[PDB]
Amino acid sequence: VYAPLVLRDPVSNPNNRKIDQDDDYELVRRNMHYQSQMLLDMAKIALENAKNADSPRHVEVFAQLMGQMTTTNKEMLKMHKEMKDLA
Amino acid sequence: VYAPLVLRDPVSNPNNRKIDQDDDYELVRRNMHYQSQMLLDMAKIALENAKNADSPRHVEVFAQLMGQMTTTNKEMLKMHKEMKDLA
Amino acid sequence: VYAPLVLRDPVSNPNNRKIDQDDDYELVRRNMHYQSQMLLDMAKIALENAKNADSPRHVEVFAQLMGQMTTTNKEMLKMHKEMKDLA
Amino acid sequence: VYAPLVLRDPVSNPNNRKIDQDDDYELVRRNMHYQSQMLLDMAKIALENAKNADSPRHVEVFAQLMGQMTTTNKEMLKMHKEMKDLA
Amino acid sequence: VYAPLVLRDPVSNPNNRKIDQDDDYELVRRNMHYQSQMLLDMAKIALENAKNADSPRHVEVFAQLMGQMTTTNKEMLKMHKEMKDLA
Amino acid sequence: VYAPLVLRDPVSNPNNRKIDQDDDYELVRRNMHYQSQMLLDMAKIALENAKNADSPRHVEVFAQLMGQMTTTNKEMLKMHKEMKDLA
Amino acid sequence: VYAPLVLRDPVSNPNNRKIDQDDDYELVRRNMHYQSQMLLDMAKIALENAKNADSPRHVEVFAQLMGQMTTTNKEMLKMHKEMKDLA
Amino acid sequence: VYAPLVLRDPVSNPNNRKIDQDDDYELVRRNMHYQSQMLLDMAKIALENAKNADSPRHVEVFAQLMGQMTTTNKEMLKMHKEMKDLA
Amino acid sequence: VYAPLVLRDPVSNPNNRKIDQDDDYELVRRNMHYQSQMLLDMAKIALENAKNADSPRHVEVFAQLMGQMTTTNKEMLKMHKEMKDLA
Amino acid sequence: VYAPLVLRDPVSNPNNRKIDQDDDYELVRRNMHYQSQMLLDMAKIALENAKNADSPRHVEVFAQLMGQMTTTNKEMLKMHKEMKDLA
Amino acid sequence: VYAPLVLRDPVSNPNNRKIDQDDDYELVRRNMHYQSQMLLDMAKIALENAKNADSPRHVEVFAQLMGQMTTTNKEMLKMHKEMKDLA
C-alpha cells in the first residue's frame, strides 16, 4: 500500500499576478526537467527490451515513447517563448 | 461504500464580474497545482513499475501520463496569458 | 429505482436579452464549479486506486481524468473572456 | 411500449427573419437548460457509481460525461454571442 | 413491412434563386425543429435508462446523445447567420 | 437480384459553362431534398425502435442519424451561399 | 470471374494545358454524376432494408451513405468554383 | 505468383527543371485517369454486390469507395490549379 | 535470410548547401517515381483480387491504395512548388 | 543478446549556435537519407509479399509504408526551406 | 530490479531567464540527439526483422518507427528556428 497523497494548496494573488507567474514558471520548468529525466530513464530500458524481445508490441510502444519524448522536448523551448510574450 | 459528495454552490455576480474572475482564477490555479502533484506522484510509481515488468503495456501507460503531464504544464502558462488578456 | 427527473422550463426574454445572459452566466458558473468538485473527488479516489493495485487500466483511466480535468479548468477562464466580449 | 412522437410543425417567415430568430432563441435556450439538468442529474449518479464499483469503465464513462457537460456549458455562453452578432 | 417511400421532386429555379432560398429555408428550419423534438424525446428515455441500469454502456451512449443534441441546437442559430449573409 | 443500374452520362460544356452550372444546381437541390425526405422517414422509425428496445446500441445509432441529419441540413443553406458566389 | 480492366492512357499537353483542363472537367463532372446516381440507387435500397428489419446496423450503414451523398453534392458545387478560378 | 517489378529510374534536371515539371505533369495526369478508371470499374461491381448480398458490410465498404472516388475527383481539378500556380 | 542493408552516408555541404539541394532533388524525384510505379503495380493486382474474391475487405483495402495513390500524386506536383520557392 | 546502445553526447554552443546548426543539418540530412534507404529496402520486399500472399493485410500494410515513404520524401525538401529561413 | 530514479531539481531564474534558455537549449539538443540515436538503433534491428519474418505486423510497426523518426528530424531544425526567434 502507498501512503495517500497530501495535496498542498498554493497561495494565489489575483491582484498581484507577477509573483504567481514567477513561481508557476519555476514549477513548470522543474516539472519539464523531471519529465525529461523520467522519459530518458524509461527510453534506455525500453530500447533494449524492444531489441531483445523480438515482438512488434515492444517496438510499437517504443515508437509511442519517442513520440512523447519529442513532444516534451518541443515544449521546453515553447515555454520560453510563452514567457517572452508574457514579459 | 464511499461518502457521497455534497455539492457546494458558488456565489455568482453577473454585474460585478471581477469578484468572480478573481475567485475563479484562485480555484483554477489551485486545481492546476493539484493536477501537477497528482500526476507527479503517479508518474514516479508508473515509471518504476514499467522498468521492472518488461511489459509494453506499462511503458505505454507511462507515456500517456507524460502526455498528460505535458498538457498540464502547457496550460499553466496559458492560464497567465488568459489573465493578461482579461486585464 | 431512481426518481424520474422533472424538467424545469426557464423564462426567456428575446426582447430583453441581458436578464437572460446574467441568469445563464449564473448557471454556467455553477455547473463549472460543480464539475471541478466532482472531478477532484473522483481524481483523489482514482489516484489511490491506480497506485494500490498493479493495473495499467487504472493508470490509463486516471490519465483520462486528468485530461478531462484540465479541459474543464481551461474553460472556466475562457468563460470570463466570453463575458467580457459580450459587454 | 412508449407513445409515438407527434411532430409539431413550426411557422417560418423567410422575408421577416427577426420573428423566427426570437422564437428559435427561446427554443435553443430551453433545450440547453433541459440538457444541463439531464447532464447534472446523470453526473451525480455516475460519479457515485464510479467511486463504488472498482472498475475502470465507470470512471472512463464518467470522464466522457464531464467532457459533454463542459461542451454544453461552452455553447450556452456562445449562444448569446451568436445573438449579439445578429444585429 | 413499412410503405416504400415515394420521393417527391422539388421545383427548382436557377435564374430565380430567391424563391428556392425561401423554400429551402422553410424546409431546413422545419427539419431542425423536428430533430430537436426527436432528440429531446429520446434523451428523456435514455436518461432514465442509464440511471437504473448500473452499466457504463447506457451512460456512454447518453453522453453521445447529449453531444448530438448540442450540435443540433448550435446549428439552429448558425442557420440564421447563414441567412443574414445571403441577404 | 436487384436490377442493374444504368449509368446516365450527361452533356458537358467546358467553354459554355453557365448551362452546366444551372443543370447541376437542379440535380444538387433535388438530391438534397431526396436526402432530407429519406432521413426523416428513417428517423421516425429508428426513434421508436430505440425508445422501445432498451438497448444502448439503438440509441447510439439514433445519435448517428441525427448527426447526419444535421450535416445534410447545414449543406443545404450553404448550397445557396456557393451559388451566390458564382457571380 | 470478371474481365480484367484494360487501362487507357490519356493524351496530355504540358505546354497547352487548356484542352487537358476541358477534357478533365468533362471527366470529373461525368464521374460526379455517376456517383450521385450510384448513391441514390443504393440509398433507396438501404432505406427500405433498414425499415423492414429491426436492426441498428442497417440504420448505421444507411447513415454512412447519406454522409457520403452529402459530400458528393458539396463537391459538385465546389467543382464550379475551381473551374471559375482557372478561367 | 507475379513477376517482380523492375524500377525505372528517371532522368532529372536540377538546373533546368521545366523538363521535369512537364514529364511529372504527364505522369500524374496519367495516374489520375488510371485511378478514376480503376475506381469506376470497382464501384460498378461493388454497387451490385452491395445491392444483392444482404450484408451491411458490402454497403459500408461501398460508401468508403464513394468517399475515396470523390477524393480522387477533387484532386483532378486541384492538379490544374497547382499547374497554374507554377506559372 | 535477406542481405542486411548497408547505410550509405551522404556528403553534406553546410556552407555550400545548393549542391545538397540539387542532390536531394534528384533523390526525392527518383523516389516519387519509384512510389508511383510500386503503387500502380500493386493497384492492378489489388483491383482484380477485389473484383473476383467478392469480399468487402478486398474492396476496402483497394480503396486504401487509391487514397495513398492520390497522396503520392499530390506531393509530386507539390515537390515542384517547393523547388520553385527554394530557387 | 543485442549490444546495449551507448549514447553519444553532443557539444553544444548556446553563444555561437551557427556551428550547432551546421552539425545538426549534417545529422538531419544524413538521417533523412538513411530513412529513405531503409524505406525503399523495405518497400521492394513488402510489395512482392503483398502481391503474392492474396491477403488484404499485406496490401493494407503496404499502403501504410507508402504513406510513410511519402512523408519522408516530403520532409527532405522542407528541410531545405528550414535552413534557408535560418540563413 | 532496476535502481529507482533520483529526480534532480534544476535552478530556475524567472527574472534572469537567459541563463535558463541557454541551459534548456543544451538539454533539449542533447535529448534530440539521444532520440535520433535510439531511433536509428531500433530501426536497423526492426528493418531486418520485418524483411526476414514474413509478417505484416513487423512492417506496420517499422513504418511507425519511420514516422516517429521523421518527426524527430523535423523538430531538430525547428529547434534552431525557435532559438532564433528567442534572440
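Readers should treat all values here as calculations from the given coordinates under stated rules, not as data from a laboratory. Positions of Cβ are backbone-derived with ideal geometry, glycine not excepted, and every protein chain shown enters the neighbour counts.
Identify the residue in the stretch K:44-70 that is buried (at least 19 other Cβ atoms within 10 Å of the Cβ) and polar (S, T, N, Q) and, among all such residues, is farthest from K:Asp23 (Cα to Cα).
Per the stated criteria, the residue is K:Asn49.
Scan the stretch A:5-19 and tell me whether some residue there is part of a helix (DSSP H, G or I), under 18 Å from the mean Cα position of the chain (by Cα) and without any contact (Cβ under 8 Å) to a residue 24 or more places away in the chain. It would help to see each step written out before you state the result.
Residues of the stretch A:5-19 that are part of a helix (DSSP H, G or I), as a first pass: A:17-19.
Add one more test, that the residue is under 18 Å from the mean Cα position of the chain (by Cα), and what stays is none.
No, the stretch A:5-19 contains no residue that is part of a helix (DSSP H, G or I), under 18 Å from the mean Cα position of the chain (by Cα) and without any contact (Cβ under 8 Å) to a residue 24 or more places away in the chain.
Give the stretch K:44-68 a look and list any residue that's of a type in the set (A, V, I, L, M) and either within 22 Å of J:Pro4 (Cα to Cα) or touching a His at 6+ places or on another chain (Cβ under 8 Å) (or both), or say none.
Going through the stretch K:44-68, the residues of a type in the set (A, V, I, L, M) turn out to be K:45-47, K:50, K:53, K:59, K:61, K:63, K:65-66.
Answer for the stretch K:44-68, where residues must be of a type in the set (A, V, I, L, M) and either within 22 Å of J:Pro4 (Cα to Cα) or touching a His at 6+ places or on another chain (Cβ under 8 Å) (or both): K:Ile45, K:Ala46, K:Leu47, K:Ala50, K:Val61, K:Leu65, K:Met66.
Quick check on my filter: what residues within the stretch D:24-43 are facing chain C (nearest Cβ under 8 Å) and over 12 Å from the mean Cα position of the chain (by Cα)?
D:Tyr25, D:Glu26, D:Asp41, D:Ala43
Would you be able to say whether some residue in the stretch D:70-78 is in a helix (DSSP H, G or I), more than 22 Å from C:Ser12 (Cβ to Cβ) and in contact with a helix residue (DSSP H, G or I) (Cβ under 8 Å, 6 or more places away or on another chain)? Spell out the reasoning first.
Looking only at the stretch D:70-78, we keep the residues that are in a helix (DSSP H, G or I), and these are D:70-78.
Among the residues that remain, those that are also more than 22 Å from C:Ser12 (Cβ to Cβ) are: D:70.
Filter once more, keeping what is in contact with a helix residue (DSSP H, G or I) (Cβ under 8 Å, 6 or more places away or on another chain): D:70.
Checked against the condition, which is being in a helix (DSSP H, G or I), more than 22 Å from C:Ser12 (Cβ to Cβ) and in contact with a helix residue (DSSP H, G or I) (Cβ under 8 Å, 6 or more places away or on another chain), the stretch D:70-78 yields at least one hit.
Check J:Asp24 against each of (1) surrounded by fewer than 16 Cβ atoms within 10 Å (Cβ to Cβ); (2) within 15 Å of K:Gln37 (Cα to Cα); (3) in contact with a helix residue (DSSP H, G or I) (Cβ under 6 Å, 6 or more places away or on another chain) and name the one condition it does not meet.
(1)
What is the one condition in (1) farther than 30 Å from I:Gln21 by Cα; (2) surrounded by fewer than 18 Cβ atoms within 10 Å (Cβ to Cβ) that H:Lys78 does not satisfy?
(1)
Mind checking whether some residue in the stretch B:48-65 is touching a residue at least 24 places away in the same chain (Cβ under 8 Å), within 21 Å of C:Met66 (Cα to Cα) and in a helix (DSSP H, G or I)? I'd like the intermediate steps shown before the answer.
Going through the stretch B:48-65, the residues touching a residue at least 24 places away in the same chain (Cβ under 8 Å) turn out to be B:65.
Now narrow it down to the ones that are within 21 Å of C:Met66 (Cα to Cα): B:65.
Those left that are additionally in a helix (DSSP H, G or I): B:65.
Yes, the stretch B:48-65 contains a residue that is touching a residue at least 24 places away in the same chain (Cβ under 8 Å), within 21 Å of C:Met66 (Cα to Cα) and in a helix (DSSP H, G or I).
Filter the stretch F:1-38 down to the residues that are of a type in the set (A, V, I, L, M, F, W, C) and touching a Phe, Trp or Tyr at 6+ places or on another chain (Cβ under 9 Å) and list them by number.
Filtering the stretch F:1-38 for residues of a type in the set (A, V, I, L, M, F, W, C) gives F:1, F:3, F:5-7, F:11, F:19, F:27-28, F:32, F:38.
Selection gives F:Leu7, F:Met38.
Of the conditions (1) over 18 Å from G:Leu7 (Cα atoms); (2) free of Cβ contacts under 8 Å to residues at least 12 places away in the same chain; (3) crowded, with 17+ Cβ neighbours inside 10 Å; (4) not hydrophobic (A, V, I, L, M, F, W, C), I:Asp41 satisfies every one except a single condition; which number is it?
(1)
I'd like to check something: does the stretch G:4-12 contain any residue that is of a type in the set (A, V, I, L, M), farther than 26 Å from F:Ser55 by Cβ and buried (at least 19 other Cβ atoms within 10 Å of the Cβ)?
The first filter runs over the stretch G:4-12 and keeps only residues of a type in the set (A, V, I, L, M), leaving G:5-7, G:11.
From the residues that got through so far, the ones that are farther than 26 Å from F:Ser55 by Cβ too are G:5-7, G:11.
Then keep just the ones that are buried (at least 19 other Cβ atoms within 10 Å of the Cβ); that gives none.
No, the stretch G:4-12 has no match at all.
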